[PDB]
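Shown below: input-v1.txt, with compact mmCIF, C-alpha atoms and all ligand atoms.
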# COMPACT_ATOMS: atom_id res chain seq x y z
CA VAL Y 31 0.00 0.00 0.00
CA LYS Y 32 3.13 2.13 0.43
CA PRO Y 33 6.48 1.84 -1.37
CA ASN Y 34 9.85 2.07 0.39
CA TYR Y 35 12.16 3.74 -2.13
CA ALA Y 36 15.65 4.21 -0.74
CA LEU Y 37 18.76 5.83 -2.21
CA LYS Y 38 21.07 3.38 -3.94
CA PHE Y 39 23.27 5.53 -6.16
CA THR Y 40 24.15 9.18 -6.69
CA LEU Y 41 25.35 9.98 -10.19
CA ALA Y 42 27.67 12.97 -10.51
CA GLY Y 43 29.23 14.37 -13.67
CA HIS Y 44 27.15 17.10 -15.29
CA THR Y 45 28.64 20.52 -14.60
CA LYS Y 46 25.39 22.45 -14.86
CA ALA Y 47 21.71 21.77 -14.09
CA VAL Y 48 20.37 18.43 -15.25
CA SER Y 49 17.23 18.94 -17.36
CA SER Y 50 15.94 15.43 -18.04
CA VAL Y 51 16.56 11.75 -17.25
CA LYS Y 52 15.05 8.77 -19.14
CA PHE Y 53 15.37 4.98 -18.84
CA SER Y 54 16.01 3.05 -22.06
CA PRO Y 55 13.03 0.85 -22.96
CA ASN Y 56 15.21 -2.27 -22.59
CA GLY Y 57 15.94 -1.21 -19.00
CA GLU Y 58 19.74 -1.27 -19.32
CA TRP Y 59 20.55 2.44 -19.50
CA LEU Y 60 19.76 5.86 -18.09
CA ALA Y 61 20.20 8.88 -20.36
CA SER Y 62 20.53 12.41 -19.00
CA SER Y 63 20.56 15.86 -20.59
CA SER Y 64 21.90 19.07 -19.09
CA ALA Y 65 22.37 22.80 -19.42
CA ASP Y 66 26.07 21.90 -19.82
CA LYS Y 67 25.20 20.98 -23.46
CA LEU Y 68 25.92 17.29 -22.84
CA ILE Y 69 24.09 13.99 -22.90
CA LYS Y 70 25.41 11.34 -20.51
CA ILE Y 71 24.68 7.61 -20.42
CA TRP Y 72 24.66 5.60 -17.17
CA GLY Y 73 24.07 2.00 -16.12
CA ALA Y 74 20.44 1.74 -14.98
CA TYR Y 75 21.16 -0.87 -12.30
CA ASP Y 76 24.66 0.04 -11.08
CA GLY Y 77 24.60 3.79 -11.78
CA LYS Y 78 27.99 3.43 -13.46
CA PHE Y 79 28.92 6.24 -15.86
CA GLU Y 80 29.08 4.92 -19.43
CA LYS Y 81 29.73 7.73 -21.94
CA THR Y 82 29.24 11.39 -22.86
CA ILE Y 83 27.54 12.46 -26.08
CA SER Y 84 28.35 15.95 -27.36
CA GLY Y 85 27.41 18.27 -30.21
CA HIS Y 86 24.74 20.81 -29.28
CA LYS Y 87 25.94 24.41 -29.21
CA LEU Y 88 23.70 25.36 -26.28
CA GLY Y 89 22.00 23.75 -23.29
CA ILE Y 90 19.69 20.75 -23.64
CA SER Y 91 16.15 20.67 -22.19
CA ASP Y 92 15.10 17.13 -23.03
CA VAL Y 93 16.25 13.77 -24.31
CA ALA Y 94 14.28 10.67 -25.35
CA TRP Y 95 14.88 7.04 -26.41
CA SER Y 96 13.78 5.18 -29.53
CA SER Y 97 11.76 2.02 -28.88
CA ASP Y 98 14.67 -0.30 -29.67
CA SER Y 99 16.94 1.58 -27.22
CA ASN Y 100 19.45 2.31 -30.01
CA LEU Y 101 18.73 5.98 -30.75
CA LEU Y 102 18.31 9.16 -28.73
CA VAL Y 103 16.76 12.47 -29.67
CA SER Y 104 17.65 15.68 -27.83
CA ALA Y 105 16.05 19.16 -27.68
CA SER Y 106 18.32 22.19 -27.32
CA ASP Y 107 18.40 25.96 -26.81
CA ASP Y 108 20.36 26.07 -30.07
CA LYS Y 109 16.94 25.77 -31.79
CA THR Y 110 17.69 22.26 -33.07
CA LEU Y 111 17.01 18.65 -32.22
CA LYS Y 112 19.65 15.99 -32.84
CA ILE Y 113 19.24 12.28 -33.47
CA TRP Y 114 22.05 10.18 -31.99
CA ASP Y 115 23.27 6.64 -32.54
CA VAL Y 116 23.96 5.73 -28.92
CA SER Y 117 26.58 3.00 -29.49
CA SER Y 118 28.74 5.02 -31.90
CA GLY Y 119 27.96 8.42 -30.37
CA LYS Y 120 27.34 9.84 -33.84
CA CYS Y 121 24.84 12.58 -34.59
CA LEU Y 122 22.79 11.01 -37.38
CA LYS Y 123 20.60 14.03 -38.07
CA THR Y 124 20.22 17.64 -36.97
CA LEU Y 125 16.56 18.66 -37.11
CA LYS Y 126 16.27 22.30 -38.18
CA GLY Y 127 13.08 24.36 -38.32
CA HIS Y 128 12.18 25.78 -34.93
CA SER Y 129 12.82 29.51 -34.60
CA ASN Y 130 13.55 29.43 -30.86
CA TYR Y 131 14.52 27.09 -27.98
CA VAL Y 132 13.37 23.50 -28.39
CA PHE Y 133 11.94 22.42 -25.05
CA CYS Y 134 10.56 18.89 -25.39
CA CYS Y 135 10.80 15.79 -27.60
CA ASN Y 136 9.69 12.16 -28.01
CA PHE Y 137 9.76 9.25 -30.45
CA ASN Y 138 6.50 7.61 -31.43
CA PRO Y 139 6.27 3.90 -30.47
CA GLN Y 140 7.18 2.86 -34.03
CA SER Y 141 10.08 5.35 -33.71
CA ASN Y 142 9.86 6.46 -37.34
CA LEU Y 143 8.67 9.86 -36.11
CA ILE Y 144 9.81 12.49 -33.63
CA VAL Y 145 7.55 15.14 -32.12
CA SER Y 146 8.93 18.38 -30.67
CA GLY Y 147 7.64 21.46 -28.85
CA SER Y 148 9.32 24.85 -28.75
CA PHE Y 149 9.44 28.33 -27.25
CA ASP Y 150 8.31 29.43 -30.72
CA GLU Y 151 4.87 28.09 -29.68
CA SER Y 152 4.77 25.40 -32.38
CA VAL Y 153 4.72 21.61 -32.38
CA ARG Y 154 6.66 19.88 -35.16
CA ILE Y 155 6.55 16.30 -36.44
CA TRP Y 156 9.77 14.95 -37.96
CA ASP Y 157 10.77 11.96 -40.06
CA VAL Y 158 13.60 10.11 -38.30
CA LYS Y 159 15.15 8.62 -41.43
CA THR Y 160 15.24 11.81 -43.52
CA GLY Y 161 15.56 14.34 -40.70
CA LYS Y 162 12.99 16.52 -42.42
CA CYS Y 163 10.02 18.20 -40.76
CA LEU Y 164 6.72 16.69 -41.90
CA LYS Y 165 4.25 18.99 -40.14
CA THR Y 166 4.30 22.28 -38.27
CA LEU Y 167 1.34 22.61 -35.94
CA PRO Y 168 0.13 26.09 -34.83
CA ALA Y 169 -0.37 24.45 -31.47
CA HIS Y 170 -0.30 27.20 -28.87
CA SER Y 171 0.00 30.91 -28.10
CA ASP Y 172 2.82 30.49 -25.56
CA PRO Y 173 5.89 28.20 -25.25
CA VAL Y 174 5.19 24.47 -25.57
CA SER Y 175 6.15 22.69 -22.35
CA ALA Y 176 5.64 19.03 -23.34
CA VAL Y 177 4.78 16.70 -26.21
CA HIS Y 178 3.94 12.96 -26.09
CA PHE Y 179 2.66 10.18 -28.38
CA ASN Y 180 -0.08 7.83 -27.20
CA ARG Y 181 0.33 4.05 -27.12
CA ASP Y 182 -0.14 3.46 -30.86
CA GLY Y 183 1.28 6.79 -32.05
CA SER Y 184 -2.04 7.90 -33.59
CA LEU Y 185 -2.33 10.81 -31.14
CA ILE Y 186 -0.07 13.55 -29.80
CA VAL Y 187 -0.76 15.53 -26.65
CA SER Y 188 0.84 18.95 -26.12
CA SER Y 189 0.85 21.42 -23.24
CA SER Y 190 1.74 25.09 -22.96
CA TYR Y 191 2.09 28.12 -20.71
CA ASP Y 192 -1.08 29.34 -22.45
CA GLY Y 193 -2.99 27.07 -20.07
CA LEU Y 194 -4.08 24.50 -22.66
CA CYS Y 195 -3.58 20.81 -23.30
CA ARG Y 196 -4.33 19.80 -26.87
CA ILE Y 197 -4.76 16.43 -28.57
CA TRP Y 198 -3.52 16.12 -32.15
CA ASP Y 199 -4.10 13.52 -34.84
CA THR Y 200 -0.60 12.43 -35.88
CA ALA Y 201 -1.54 11.61 -39.48
CA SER Y 202 -3.58 14.72 -40.35
CA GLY Y 203 -2.19 17.28 -37.91
CA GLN Y 204 -5.71 18.27 -36.91
CA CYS Y 205 -6.46 19.48 -33.39
CA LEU Y 206 -8.94 16.92 -32.06
CA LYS Y 207 -9.39 18.30 -28.57
CA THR Y 208 -8.63 21.25 -26.31
CA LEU Y 209 -8.78 20.67 -22.55
CA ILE Y 210 -10.01 23.52 -20.34
CA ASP Y 211 -10.58 23.22 -16.59
CA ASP Y 212 -12.41 25.61 -14.28
CA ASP Y 213 -9.28 27.72 -14.65
CA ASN Y 214 -6.25 27.74 -16.96
CA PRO Y 215 -2.92 28.19 -15.14
CA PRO Y 216 0.20 27.51 -17.26
CA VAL Y 217 0.52 23.81 -18.10
CA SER Y 218 4.12 22.81 -17.38
CA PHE Y 219 3.98 19.13 -18.36
CA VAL Y 220 1.70 16.52 -19.94
CA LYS Y 221 1.77 12.85 -21.01
CA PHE Y 222 -0.57 9.99 -21.91
CA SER Y 223 -1.24 7.15 -19.48
CA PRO Y 224 0.19 3.75 -20.51
CA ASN Y 225 -3.23 2.57 -21.75
CA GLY Y 226 -3.68 5.88 -23.56
CA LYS Y 227 -7.08 6.52 -21.97
CA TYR Y 228 -5.88 9.32 -19.70
CA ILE Y 229 -3.53 12.26 -19.69
CA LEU Y 230 -1.55 13.53 -16.72
CA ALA Y 231 -1.02 17.29 -16.62
CA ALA Y 232 1.01 19.53 -14.32
CA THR Y 233 0.09 23.15 -13.79
CA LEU Y 234 2.13 25.93 -12.19
CA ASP Y 235 -0.31 26.20 -9.29
CA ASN Y 236 1.28 23.24 -7.48
CA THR Y 237 -1.17 20.73 -8.92
CA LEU Y 238 -1.17 17.52 -10.97
CA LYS Y 239 -4.39 16.41 -12.65
CA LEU Y 240 -5.41 13.14 -14.30
CA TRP Y 241 -7.75 13.73 -17.26
CA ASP Y 242 -10.06 11.46 -19.17
CA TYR Y 243 -9.57 13.34 -22.43
CA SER Y 244 -12.11 11.47 -24.59
CA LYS Y 245 -14.74 12.62 -22.09
CA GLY Y 246 -12.81 15.83 -21.43
CA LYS Y 247 -13.06 15.81 -17.64
CA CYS Y 248 -10.70 15.73 -14.66
CA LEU Y 249 -10.74 12.57 -12.53
CA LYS Y 250 -7.92 12.93 -10.00
CA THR Y 251 -5.95 15.74 -8.37
CA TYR Y 252 -2.54 15.45 -6.71
CA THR Y 253 -1.17 18.14 -4.38
CA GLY Y 254 1.24 18.69 -1.51
CA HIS Y 255 4.34 19.38 -3.59
CA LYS Y 256 5.66 22.70 -4.89
CA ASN Y 257 5.52 23.59 -8.57
CA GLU Y 258 5.14 27.25 -9.51
CA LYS Y 259 8.08 27.93 -11.82
CA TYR Y 260 9.58 24.87 -13.49
CA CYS Y 261 8.48 22.36 -16.11
CA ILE Y 262 8.80 19.31 -13.88
CA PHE Y 263 8.29 15.83 -15.36
CA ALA Y 264 5.72 13.46 -13.90
CA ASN Y 265 5.33 9.70 -14.30
CA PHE Y 266 3.03 6.73 -14.05
CA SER Y 267 4.78 4.09 -11.95
CA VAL Y 268 3.44 0.68 -12.96
CA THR Y 269 6.02 -1.99 -12.03
CA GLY Y 270 4.82 -2.35 -8.44
CA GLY Y 271 2.03 -0.39 -6.80
CA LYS Y 272 0.26 2.08 -9.07
CA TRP Y 273 1.78 5.47 -8.26
CA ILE Y 274 2.12 8.99 -9.56
CA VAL Y 275 5.72 10.25 -9.39
CA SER Y 276 6.90 13.87 -9.69
CA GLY Y 277 9.75 16.18 -8.75
CA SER Y 278 9.20 19.30 -6.67
CA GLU Y 279 10.62 22.77 -6.06
CA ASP Y 280 11.18 21.89 -2.39
CA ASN Y 281 13.96 19.48 -3.49
CA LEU Y 282 11.91 16.32 -2.91
CA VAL Y 283 10.56 13.48 -5.02
CA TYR Y 284 6.84 13.08 -4.37
CA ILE Y 285 5.01 9.77 -4.78
CA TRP Y 286 1.20 9.60 -4.71
CA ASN Y 287 -1.23 6.73 -4.59
CA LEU Y 288 -2.91 7.05 -7.98
CA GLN Y 289 -6.33 6.20 -6.54
CA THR Y 290 -6.53 7.67 -3.03
CA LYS Y 291 -4.47 10.68 -4.22
CA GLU Y 292 -2.59 10.47 -0.91
CA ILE Y 293 1.14 11.10 -0.64
CA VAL Y 294 2.69 7.72 0.10
CA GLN Y 295 6.37 8.76 0.09
CA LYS Y 296 8.65 11.80 -0.16
CA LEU Y 297 12.28 11.13 -1.12
CA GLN Y 298 14.90 13.33 0.58
CA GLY Y 299 18.45 13.82 -0.70
CA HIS Y 300 18.60 16.47 -3.42
CA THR Y 301 19.79 19.98 -2.55
CA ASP Y 302 17.99 21.87 -5.33
CA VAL Y 303 14.78 21.62 -7.36
CA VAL Y 304 14.04 18.10 -8.60
CA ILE Y 305 13.21 18.88 -12.23
CA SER Y 306 12.94 15.37 -13.61
CA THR Y 307 12.01 11.86 -12.57
CA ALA Y 308 11.76 8.62 -14.52
CA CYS Y 309 10.45 5.14 -13.71
CA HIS Y 310 12.25 1.97 -14.77
CA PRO Y 311 10.24 -0.15 -17.25
CA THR Y 312 10.45 -3.46 -15.31
CA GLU Y 313 12.01 -2.85 -11.88
CA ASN Y 314 10.85 -0.69 -8.96
CA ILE Y 315 13.52 1.91 -9.68
CA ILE Y 316 13.17 5.71 -9.84
CA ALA Y 317 15.71 8.11 -11.33
CA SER Y 318 15.65 11.74 -10.21
CA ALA Y 319 17.67 14.76 -11.33
CA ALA Y 320 18.14 18.25 -9.92
CA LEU Y 321 18.92 21.82 -10.92
CA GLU Y 322 22.02 24.02 -10.81
CA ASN Y 323 22.83 24.03 -7.08
CA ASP Y 324 22.76 20.21 -6.97
CA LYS Y 325 23.69 18.85 -10.44
CA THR Y 326 23.34 15.21 -9.38
CA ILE Y 327 21.17 12.31 -10.52
CA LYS Y 328 19.87 9.83 -7.95
CA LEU Y 329 18.77 6.22 -8.35
CA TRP Y 330 16.22 4.91 -5.84
CA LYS Y 331 14.83 1.41 -5.37
CA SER Y 332 11.81 0.01 -3.55
CA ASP Y 333 10.86 -3.57 -2.68
CA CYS Y 334 7.34 -2.93 -3.98
CL1 LIG Y 401 16.98 27.50 -14.55
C1 LIG Y 401 16.47 26.10 -15.53
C2 LIG Y 401 15.11 26.10 -16.24
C3 LIG Y 401 14.68 24.90 -17.09
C4 LIG Y 401 15.62 23.69 -17.22
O1 LIG Y 401 15.28 22.56 -17.98
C5 LIG Y 401 14.07 22.66 -18.69
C6 LIG Y 401 12.95 22.07 -17.83
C7 LIG Y 401 13.03 20.54 -17.84
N1 LIG Y 401 12.92 20.02 -19.19
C8 LIG Y 401 11.62 19.61 -19.69
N2 LIG Y 401 10.36 19.67 -18.95
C9 LIG Y 401 9.31 19.16 -19.80
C10 LIG Y 401 9.94 18.78 -21.12
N3 LIG Y 401 11.36 19.05 -21.02
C11 LIG Y 401 16.97 23.71 -16.50
CL2 LIG Y 401 18.06 22.31 -16.65
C12 LIG Y 401 17.39 24.91 -15.66
Any chance you could put this one into structure tokens?
Ligand SMILES: Clc1ccc(OCCCNc2ncc[nH]2)c(Cl)c1
Amino acid sequence: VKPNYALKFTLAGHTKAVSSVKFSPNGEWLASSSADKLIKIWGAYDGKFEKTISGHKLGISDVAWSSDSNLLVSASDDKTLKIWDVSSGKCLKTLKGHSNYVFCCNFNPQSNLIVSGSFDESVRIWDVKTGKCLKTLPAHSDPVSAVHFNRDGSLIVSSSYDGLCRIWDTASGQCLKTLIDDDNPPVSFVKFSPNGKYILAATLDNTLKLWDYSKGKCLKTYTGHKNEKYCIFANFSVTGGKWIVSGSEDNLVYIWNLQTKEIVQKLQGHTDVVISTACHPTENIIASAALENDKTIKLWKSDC
């Protein structure tokens, strides 16, 4: 009914704020991106540093894995995304088209496509093999904070400081849905649930909400943490108990019971804002990463 996540490893190496951490789908690796313009790879189970991947000319806000765990895509302040072959370290493609900072990115499950969101208020859909932009979506009227494909890649969800979450048809580019609550504070993060029936959205009023989007209504609300300034990732934890996991501006990792909405654990250790968390695909392992005054990544493990 409660997990018992405890610190196992602290991963040090980035020289500026860490922006994002993601587990490879095959569970072997952790990738991290940073304001220090670098991507670093780490052992998911031992926390052992593996390699550094370089090339962006400015800081990196996001990194994501392909489904086969062989490629990474990164989103940078240099207005580009880059596709990387992880084993060789080579930049396969540089995706050019955004006219300002690229803030978020993801592969679709088939991993033939990349979606990106930018400060330029647009969402773009890219072809992985050619590196060319397929669609530019006039998605929002403020910076785009997050983009995510659903389980079969037919849908994209985006969020923005303009207070909206929007659902897009991947194939046509048409806006299928706009989610409005009773109010519209900036939306700082969004992603589909594993089954694709729900979306989880963070707003900069210290609140996480679980939405049934097809019915366009809020089902759950998660509070207790602090989130008023940063685009903090949130996760569905599914390997053990069903949790909601998120970072917080009080330097803690918050874990909620998905159903009761109660806080079931708060992980202490970081010394600055926890901007990013990730959940291991098969083991009860959480990765967390923190901002400039901390710079470390932490690996936590629970027995349930
Ligand atoms: Cl001061 C500051 C401000 C922002 C930063 O990273 C961007 C936020 C985290 N990325 C993200 N959230 C959702 C999609 N990508 C960092 Cl590293 C430092």
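Among Y:235, Y:313, Y:212, Y:302, the residue with the shortest atom-to-atom distance to residue 268 of chain Y, counting only C-alpha atoms, is Y:313.
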List every residue of chain Y that has an atom at most 9 Å from any atom of ligand LIG 401 (chain Y), giving for each one its closest atom pair and the distance in Å to one decimal, counting all atoms listed in the file, sorted by chain and then by ascending residue number, as a tab-separated table.
residue	atom	partner	partner_atom	distance
Y:46	CA	Y:LIG401	CL2	7.5
Y:47	CA	Y:LIG401	CL2	4.5
Y:48	CA	Y:LIG401	CL2	4.7
Y:49	CA	Y:LIG401	CL2	3.5
Y:50	CA	Y:LIG401	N1	5.6
Y:63	CA	Y:LIG401	CL2	8.0
Y:64	CA	Y:LIG401	CL2	5.6
Y:65	CA	Y:LIG401	CL2	5.1
Y:66	CA	Y:LIG401	CL2	8.6
Y:89	CA	Y:LIG401	CL2	7.9
Y:90	CA	Y:LIG401	CL2	7.3
Y:91	CA	Y:LIG401	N1	4.5
Y:92	CA	Y:LIG401	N3	4.7
Y:93	CA	Y:LIG401	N3	7.9
Y:105	CA	Y:LIG401	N3	8.1
Y:132	CA	Y:LIG401	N3	8.8
Y:133	CA	Y:LIG401	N3	5.3
Y:134	CA	Y:LIG401	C10	4.3
Y:135	CA	Y:LIG401	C10	7.2
Y:147	CA	Y:LIG401	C10	8.5
Y:174	CA	Y:LIG401	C10	8.6
Y:175	CA	Y:LIG401	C9	5.4
Y:176	CA	Y:LIG401	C10	4.8
Y:177	CA	Y:LIG401	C10	7.5
Y:218	CA	Y:LIG401	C9	6.8
Y:219	CA	Y:LIG401	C9	5.5
Y:220	CA	Y:LIG401	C9	8.1
Y:259	CA	Y:LIG401	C2	8.5
Y:260	CA	Y:LIG401	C6	6.2
Y:261	CA	Y:LIG401	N2	4.3
Y:262	CA	Y:LIG401	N2	5.3
Y:263	CA	Y:LIG401	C9	5.6
Y:264	CA	Y:LIG401	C9	9.0
Y:305	CA	Y:LIG401	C7	5.9
Y:306	CA	Y:LIG401	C7	6.7
Y:320	CA	Y:LIG401	CL2	7.9
Y:321	CA	Y:LIG401	CL2	5.8
Y:322	CA	Y:LIG401	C12	6.8
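Of the listed residues (Y:196, Y:300, Y:331, Y:78), Y:300 comes nearest to residue 319 of chain Y; the distances count only C-alpha atoms.
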Subject >> Exercise: segment 239-250 of chain Y partners within 7 Å, only C-alpha atoms, chain neighbours under 4 positions left out, as a PyMOL selection string >> reply: chain Y and resi 209+227-232
Subject >> Atomic separation - atom CA of residue 146 of chain Y relative to atom CA of residue 166 of chain Y, Å >> reply: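 Atom CA of residue 146 of chain Y lies at a distance of 9.7 Å from atom CA of residue 166 of chain Y.
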**OP:** Would you list the contacts of residue 309 of chain Y as number ranges by chain, taking every protein, DNA or RNA residue within 10 Å and counting only C-alpha atoms, but skipping same-chain residues closer than 5 positions in sequence?
**Re:** Y: 51-53, 57, 264-269, 275, 314-318, 329-330
